[PDB]
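Worksheet for the structure shown next.
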Amino acid sequence: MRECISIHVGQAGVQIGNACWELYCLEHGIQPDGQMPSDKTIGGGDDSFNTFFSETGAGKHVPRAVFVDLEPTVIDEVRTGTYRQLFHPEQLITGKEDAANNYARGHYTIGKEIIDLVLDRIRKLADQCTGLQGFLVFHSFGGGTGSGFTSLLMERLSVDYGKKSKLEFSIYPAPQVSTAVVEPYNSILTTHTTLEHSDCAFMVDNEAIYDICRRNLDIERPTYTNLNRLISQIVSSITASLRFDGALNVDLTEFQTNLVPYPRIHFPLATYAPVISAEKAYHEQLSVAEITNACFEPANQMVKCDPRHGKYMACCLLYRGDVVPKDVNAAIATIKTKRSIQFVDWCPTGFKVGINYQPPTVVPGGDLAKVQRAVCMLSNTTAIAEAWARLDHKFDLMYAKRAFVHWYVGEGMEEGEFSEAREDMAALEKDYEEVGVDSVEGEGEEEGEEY
Amino acid sequence: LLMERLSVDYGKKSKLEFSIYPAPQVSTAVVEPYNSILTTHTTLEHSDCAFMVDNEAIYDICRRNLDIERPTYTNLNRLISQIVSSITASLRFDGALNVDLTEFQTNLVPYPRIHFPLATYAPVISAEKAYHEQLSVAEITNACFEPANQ
Amino acid sequence: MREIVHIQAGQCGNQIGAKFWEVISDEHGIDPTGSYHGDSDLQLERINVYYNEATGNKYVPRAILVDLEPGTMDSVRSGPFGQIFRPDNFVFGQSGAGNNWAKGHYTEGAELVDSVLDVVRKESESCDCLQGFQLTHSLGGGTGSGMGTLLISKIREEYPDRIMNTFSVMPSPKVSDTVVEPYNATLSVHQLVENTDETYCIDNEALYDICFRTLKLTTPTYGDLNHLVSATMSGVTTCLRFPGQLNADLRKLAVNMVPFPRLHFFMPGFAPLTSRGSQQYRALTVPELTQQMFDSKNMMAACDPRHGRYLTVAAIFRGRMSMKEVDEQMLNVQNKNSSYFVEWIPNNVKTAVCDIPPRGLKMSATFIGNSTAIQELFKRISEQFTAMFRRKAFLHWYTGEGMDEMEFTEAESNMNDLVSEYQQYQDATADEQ
Amino acid sequence: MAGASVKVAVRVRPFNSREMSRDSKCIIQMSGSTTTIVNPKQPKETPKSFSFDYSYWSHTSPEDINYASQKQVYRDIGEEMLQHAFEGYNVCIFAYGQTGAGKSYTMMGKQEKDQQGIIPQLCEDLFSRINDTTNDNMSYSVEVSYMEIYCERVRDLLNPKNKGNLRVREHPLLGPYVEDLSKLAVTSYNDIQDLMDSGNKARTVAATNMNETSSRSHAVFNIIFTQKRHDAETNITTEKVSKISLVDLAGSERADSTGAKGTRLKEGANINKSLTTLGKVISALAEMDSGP
Ligand SMILES: CC(=O)O[C@H]1C(=O)[C@@]2(C)[C@H]([C@H](OC(=O)c3ccccc3)[C@]3(O)C[C@H](OC(=O)[C@H](O)[C@@H](NC(=O)c4ccccc4)c4ccccc4)C(C)=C1C3(C)C)[C@]1(OC(C)=O)CO[C@@H]1C[C@@H]2O
Ligand SMILES: Nc1nc2c(ncn2[C@@H]2O[C@H](COP(=O)(O)OP(=O)(O)OP(=O)(O)O)[C@@H](O)[C@H]2O)c(=O)[nH]1
Ligand SMILES: Nc1ncnc2c1ncn2[C@@H]1O[C@H](COP(=O)(O)OP(=O)(O)NP(=O)(O)O)[C@@H](O)[C@H]1O
Ligand SMILES: Nc1nc2c(ncn2[C@@H]2O[C@H](COP(=O)(O)OP(=O)(O)O)[C@@H](O)[C@H]2O)c(=O)[nH]1
Ligand SMILES: [Mg+2]
């Protein structure tokens with residue numbers, strides 16, 4: 001039994017959860033009301049996969065999900081939407097104000113009195129599992145709730161459960177476009193907790209998705225639904241290894257064993273290669289080599305950073321559909337001989353390969369074409385530091401004058417935390433700088449049997 | 001082990017051997033020489049007269065005389081069986097001059113430690129070549145001394 | 001009565017074992033349900049080597065299946081030969097090792113090893129006269145390498161006079177499906193060098209090369225590679241099951257092939273291979289089998305035998321053939337390629353002949369070579385291992401499960417000694433100094 | 001590094017009570033550095049003969065000419081090897097023989113402490129030399145350990161606990177070693193005698209046709225020896241460290257002699273394997289010494 005618990009905090013978290021659960025209900029043949037007519041027609045099967053859904057005696061299937069947010073509107077929407085009967089009515093929404101883009105409000109002042117309910121419901125969900133795998137936490141940096149409340153949650157889960165893997169999906173402020181003025185402060189603050197308590201945090205930017213949607217899918221006016229659908233597709237690709245049979249299966253422990261060199265380096269980038277509209281789905285082969293090459297291209301990166309400016313430390317490839325190992329073997333051999341892709345000299349192997357037989361599904365009303373083959377790449381590299389370095393500058397420009405600081409201090413924080421935070425982000429970048437350097441000389445190669 | 005125990009128990013009765021010695025070139029084992037050298041002691045002390053044969057020689061005889069280009073162990077075994085039958089024929093059937101098993105030992109071994117004679121059978125010939133030839137007594141006696149027939 | 005107990009751990013070992021049992025069941029004419037529907041009489045003569053007898057003339061194999069995740073057990077049970085195995089031998093846990101050697105050998109495997117050993121003892125005590133064991137596994141993974149080495153250690157401690165074999169899939173030079181492979185391969189070879197009498201080295205790259213070039217397959221899949229390996233496994237132990245003109249048990253191959261105790265890593269091979277649609281052009285005879293068998297491109301070890309010297313070779317033939325042809329061909333192979341055979345062994349080719357060939361092949365042969373070129377594999381692993389150990393690439397995942405750095409070093413030393421020992425009997429003369 | 005100068009010695013003991021009771025005959029005869037031995041059942045062909053670097057005739061106890069006295073053999077071997085030890089290099093003694101031949105004797109000596117074997121002479125010269133040499137500007141440390149090899153498993157003798165197997169390891173700089181191997185310090189040779197007796201009581205022994213008490217396992221008695229200097233400077237350092245390994249080898253075995261089945265044959269087989277490996281390494285070391 002391979003179960004895993006989904007947590008959704010903040011507005012970005014719950015919209016991503018909406019797209020996710022739509023996709024999963026479509027994958028498992030589950031109606032929006034929770035009934036599955038496939039088993040009734042066939043007479044029985046394993047289609048009620050226990051990973052995300054728990055099956056009751058009456059035949060209903062409830063999701064192993066816990067939504068949380070301080071604004072009732074974004075979840076009053078889903079309490080009266082199409083999927084109002086899918087979710088358990090205990091949703092843990094606070095009937096109060098919101099963090100108001102304030103880490104201190106979400107962590108110290110309003111974060112209390114709601115934390116307890118969330119841990120009891122997570123305990124109740126965990127008690128129903130036999131051999132729980134881990135947590136998938138969805139939230140967004142920059143938001144008051146998604147930063148502070150997520151930090152408090154992460155701390156309490158680390159104290160309680162400890163050994164369970166706790167993966168994170170997050171939305172970083174973009175270089176240029178932004179939706180708020182105090183994004184850097186909340187980022188610099190939650191980095192200290194996402195560094196220690198998370199085990200592997202996946203990292204996504206909005207501008208990259210906008211460029212990908214404009215270029216490949218030919219959508220000139222994208223909205224948040226398309227972004228959430230792409231993220232949901234990625235999470236499906238990650239989790240499909242423990243829901244369907246495959247030639248080479250990759251569990252959630254193999255991820256961390258294969259993608260995290262040192263304990264403080266767990267910030268991979270994510271990519272989905274065959275993103276293409278229905279019209280352009282023709283006139284192309286979409287062979288395994290094509291999608292494998294398209295993963296590595298800088299343009300298809302889902303965070304605004306150039307891989308060519310760093311060095312690759314690890315890569316995980318997860319294929320879906322009609323894929324045989326020899327094509328992946330040839331594609332890896334072709335990539336290893338390219339000179340624009342540099343691998344560090346302390347990882348001669350470099351790659352992890354996983355293959356799954358279930359092909360990707362097509363959401364009605366979506367934009368992604370039906371394809372026979374798909375691949376998702378998760379690459380741990382040093383270029384990510386650049387994406388951090390930019391934001392830091394803005395925070396210092398904001399901190400040198402002490403702008404907007406009385407709001408944070410009034411909610412119960414002090415100035416040294418802002419100070420302590422900068423130091424923490426300052427170091428992490430140092431570590432990313434050290435791991436990228438080549439070996440020195442070995443300090444050896446002495447003479448010997450010179451006789 | 002068996003020859004040791006038999007020599008202890010019975011003692012005075014004769015004991016003959018018919019053994020396959022390793023060939024100079026071809027063999028079906030890598031640890032053959034150790035086994036042969038370790039065996040030579042008990043072959044020497046206890047046995048009274050030991051005959052030796054070689055698979056390579058019999059292969060060459062089969063190729064040259066019987067025109068069998070791909071012989072197997074059955075043919076070699078048949079030839080050895082003919083040898084042993086000719087050895088023991090004097091005990092069974094009537095003859096003008098009869099030779100017992102002990103007469104072989106009395107006439108063939110000079111000293112106790114040199115009881116290692118070779119054996120040969122002269123008229124090995126195929127049915128097709130059985131004609132075109134007389135196979136008289138002198139011919140077979142001469143063929144027995146040919147070095148190629150050993 | 002020479003009984004063999006078969007074990008298999010990990011995904012790779014389980015898949016290979018499934019294909020192997022399908023092959024052997026075809027050989028002896030056992031239906032998937034377990035009943036006998038063969039034609040010849042000799043098939044039941046020695047069925048007790050691999051099978052036990054149930055009540056209603058039904059046979060059940062001696063397989064023991066081990067893993068730390070239920071996925072592969074479910075896959076094997078829901079298969080063409082799922083119901084042939086005994087249900088009580090499916091031993092498994094949950095939350096598998098996850099490509100982590102320490103989890104497999106020191107933490108998670110320590111719980112399942114007792115149950116696995118109990119089942120192994122139960123199966124072994126029922127045999128009339130046990131000969132040896134087997135184990136199919138892969139060194140690049142967690143469950144396979146870890147649990148396999150632990151099982152080998154415990155069983156060798158318990159039964160010290162029987163013959164332990166193993167068919168191990170080594171990491172490949174180029175094609176790689178894990179990133180932490182060298183640690184697992186090294187910390188493992190460290191145990192296989194000590195606790196095993198014979199090891200046969202398999203590599204994915206060589207098998208892919210055979211499929212692409214010899215068999216001319218356009219889309220090779222893992223079923224084919226399992227097929228090849230299973231054919232070899234069946235070929236090795238033929239003389240225990242069928243009569244012949246010159247027999248060779250596992251122990252005879254052990255005695256003849258191994259000069260010194262720590263040199264027991266073999267390169268296997270099988271002939272012939274017509275690739276289909278080319279059978280009518282190729283005439284099948286013993287010289288053709290010997291020609292294809294010794295070819296450098298036929299091996300499944302991904303080592304070039306021309307870069308070293310053959311310490312010893314063994315050829316097991318299956319069919320009706322003349323012994324003179326076999327002996328002459330082996331002599332010719334030895335003489336014509338005298339540079340590639342060591343000089344201080346006067347003859348280094350064991351030969352055996354069996355009378356019953358495979359399903360639809362007038363003749364067949366299998367090859368077990370022992371040469372110094374295999375050292376290259378170990379050297380390559382070392383050339384990766386240290387490159388990841390100088391800067392401690394992925395070490396914290398291993399030390400978090402209780403393993404002192406010293407264990408890593410005590411091993412890189414052991415494999416390096418193995419490479420040096422093989423390198424000694426490699427130069428084609430030794431004099432002067 | 002130093003040349004592998006291996007010294008081969010053989011020694012003949014006198015008669016025991018049982019042999020004296022029977023009308024036995026002496027068959028070993030020595031001359032110079034060559035010893036010859038005859039067959040009682042085959043007295044016609046020839047004696048067999050061997051040559052060794054040292055041949056010692058301790059057959060006739062009251063003999064005055066060419067008698068191999070224990071002080072003599074100690075001067076031959078132990079004095080020079082203790083001198084080598086004090087230079088800071090390692091020393092190894094191997095004792096070999098079959099029940100009766102007289103191994104222990106050469107290693108220990110008589111019980112009246114009047115004619116001392118190798119061990120008392122070496123240890124007393126070590127202790128005495130140091131006691132009559134140490135000064136304010138030097139310090140000496142001595143420790144002892146005692147282990148056994150049985151069926152390729154290491155077992156401790158000094159420790160009286162349950163005799164579980166220990167685990168050999170390989171410290172990267174210091175070489176092979178054994179975990180949880182008891183190590184103790186000693187002050188005088190009486191302490192070493194007490195520890196040696198206590199350990200010898202714990203050795204595994206089994207009866208056979210040849211003798212009622214036969215060694216079934218090898219033993220190693222290690223003496224760790226350390227010298228520390230106090231120079232006219234704040235930096236106080238250890239000059240060097242040396243080890244003395246006094247080793248007892250079990251005799252070669254043949255089912256043509258020990259007809260027991262089961263564990264007894266297995267122990268003999270393992271013993272023979274170990275002896276063959278030991279001879280293989282020792283001869284190679286001598287060749288290494290000889291070549292250059
Ligand atoms: C000429 C003919 O009749 O067809 C052959 C054939 O074309 C060849 C190419 C066969 C064929 O093998 C393959 O195509 C193949 C594919 C992937 C991996 C390995 C082999 C054959 O499939 C394989 C099959 O072999 C057997 O049936 C043997 O008994 C073999 N057993 C199995 O293959 C087997 C597999 C699964 C289940 C049960 C049996 C065997 C050999 C030695 C010891 C034990 C078993 C045969 C005769 C052939 C075909 C059908 C084309 C070859 O295989 C064997 C083992 O015989 C490939 O090299 C040989 C040479 C043959 O000429
Ligand atoms: N990709 C994507 N990003 C989103 C989505 N919704 C919100 N965001 C991001 O979220 C950021 C705003 O912070 P939020 O996470 O919404 O903070 P919050 O949930 O409103 O919590 P409070 O600030 O306390 O009200 C914006 O900058 C967006 O980039 C979404 O649906 N998709
Ligand atoms: N060279 C010698 N001179 C005088 N007495 C000796 C001599 N060698 C041995 N002895 C004595 O004669 C007996 C023979 O020694 P013994 O204790 O039987 O050794 P062992 O049984 O041969 N030892 P081992 O080979 O390890 O089994 C003992 O009483 C010795 O003290
Ligand atoms: N020959 C062969 N090798 C395989 C197969 N499946 C996986 N492998 C190899 O096994 C390695 C991974 O080992 P794995 O099975 O995960 O080890 P485990 O997790 O402990 O069972 C990969 O590098 C593959 O090359 C197979 O069907 N055949
Ligand atoms: Mg909000």
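Convention: chains lettered A, B, ... in structure tokens order; per-chain residue numbering from 1; ligands numbered from 1 as shown.
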When you look at residue 212 in chain A with a cut-off of 9 Å (counting only C-alpha atoms), what residues show up, excluding the ones that are within fewer than 6 positions of it in the same chain? I need them as an mmCIF file with N, CA, C and O atoms, in the first residue's frame.
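New file result-v6.cif:
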```cif
data_model
loop_
_atom_site.group_PDB
_atom_site.id
_atom_site.type_symbol
_atom_site.label_atom_id
_atom_site.label_comp_id
_atom_site.auth_asym_id
_atom_site.auth_seq_id
_atom_site.Cartn_x
_atom_site.Cartn_y
_atom_site.Cartn_z
ATOM 1 N N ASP A 218 0.806 28.170 -28.293
ATOM 2 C CA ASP A 218 0.234 29.234 -29.122
ATOM 3 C C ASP A 218 -1.005 29.850 -28.474
ATOM 4 O O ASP A 218 -1.998 30.135 -29.145
ATOM 5 N N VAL A 275 5.109 19.496 -24.585
ATOM 6 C CA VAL A 275 4.068 20.509 -24.486
ATOM 7 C C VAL A 275 3.865 21.063 -25.893
ATOM 8 O O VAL A 275 4.785 21.609 -26.506
ATOM 9 N N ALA A 299 15.088 27.049 -23.202
ATOM 10 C CA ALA A 299 13.811 27.726 -23.395
ATOM 11 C C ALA A 299 12.678 27.023 -22.663
ATOM 12 O O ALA A 299 11.766 27.685 -22.158
ATOM 13 N N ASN A 300 12.717 25.697 -22.584
ATOM 14 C CA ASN A 300 11.654 24.928 -21.953
ATOM 15 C C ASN A 300 11.790 24.851 -20.438
ATOM 16 O O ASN A 300 10.937 24.235 -19.792
ATOM 17 N N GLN A 301 12.832 25.440 -19.857
ATOM 18 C CA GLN A 301 12.956 25.453 -18.408
ATOM 19 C C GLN A 301 11.788 26.206 -17.795
ATOM 20 O O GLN A 301 11.321 27.215 -18.328
ATOM 21 N N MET A 302 11.311 25.699 -16.663
ATOM 22 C CA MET A 302 10.145 26.251 -15.994
ATOM 23 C C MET A 302 10.522 27.237 -14.889
ATOM 24 O O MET A 302 9.649 27.664 -14.128
#
```
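Set the cut-off at 12 Å, count only C-alpha atoms, and the residues of chain C near chain D turn out to be residues 157, 160, 161, 260, 261, 404, 405, 406, 407, 408, 409, 410, 411, 412, 413, 414, 431, 432 and 433 of chain C.
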Query raised in the report: Hey, which residues come within 9 Å of ligand 2 if we count only C-alpha atoms and all ligand atoms? Could you give them as a PyMOL selection string?
Result: chain A and resi 9-16+69-71+74+97-103+105-106+139-148+171-174+177-180+183+204-206+209+223-228+231
Mind listing the helix (DSSP H, G or I) residues of range 310-342 of chain A, per DSSP on the backbone, as a PDB file with C-alpha atoms, in the first residue's frame?
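Writing the result to result_16.pdb gives the following:
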```pdb
ATOM      1  CA  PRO A 325      14.647   1.191 -22.681  1.00  0.00           C
ATOM      2  CA  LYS A 326      16.911   1.181 -25.748  1.00  0.00           C
ATOM      3  CA  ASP A 327      15.605   4.533 -27.003  1.00  0.00           C
ATOM      4  CA  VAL A 328      16.247   6.132 -23.605  1.00  0.00           C
ATOM      5  CA  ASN A 329      19.700   4.540 -23.616  1.00  0.00           C
ATOM      6  CA  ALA A 330      20.507   6.049 -27.009  1.00  0.00           C
ATOM      7  CA  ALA A 331      19.137   9.457 -26.005  1.00  0.00           C
ATOM      8  CA  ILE A 332      21.291   9.532 -22.866  1.00  0.00           C
ATOM      9  CA  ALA A 333      24.315   8.514 -24.931  1.00  0.00           C
ATOM     10  CA  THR A 334      23.584  11.339 -27.372  1.00  0.00           C
ATOM     11  CA  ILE A 335      23.223  13.892 -24.574  1.00  0.00           C
ATOM     12  CA  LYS A 336      26.457  12.856 -22.865  1.00  0.00           C
TER      13      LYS A 336
END
```
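CA of residue 9 in chain D is found 20.2 Å from CA of residue 110 in chain D.
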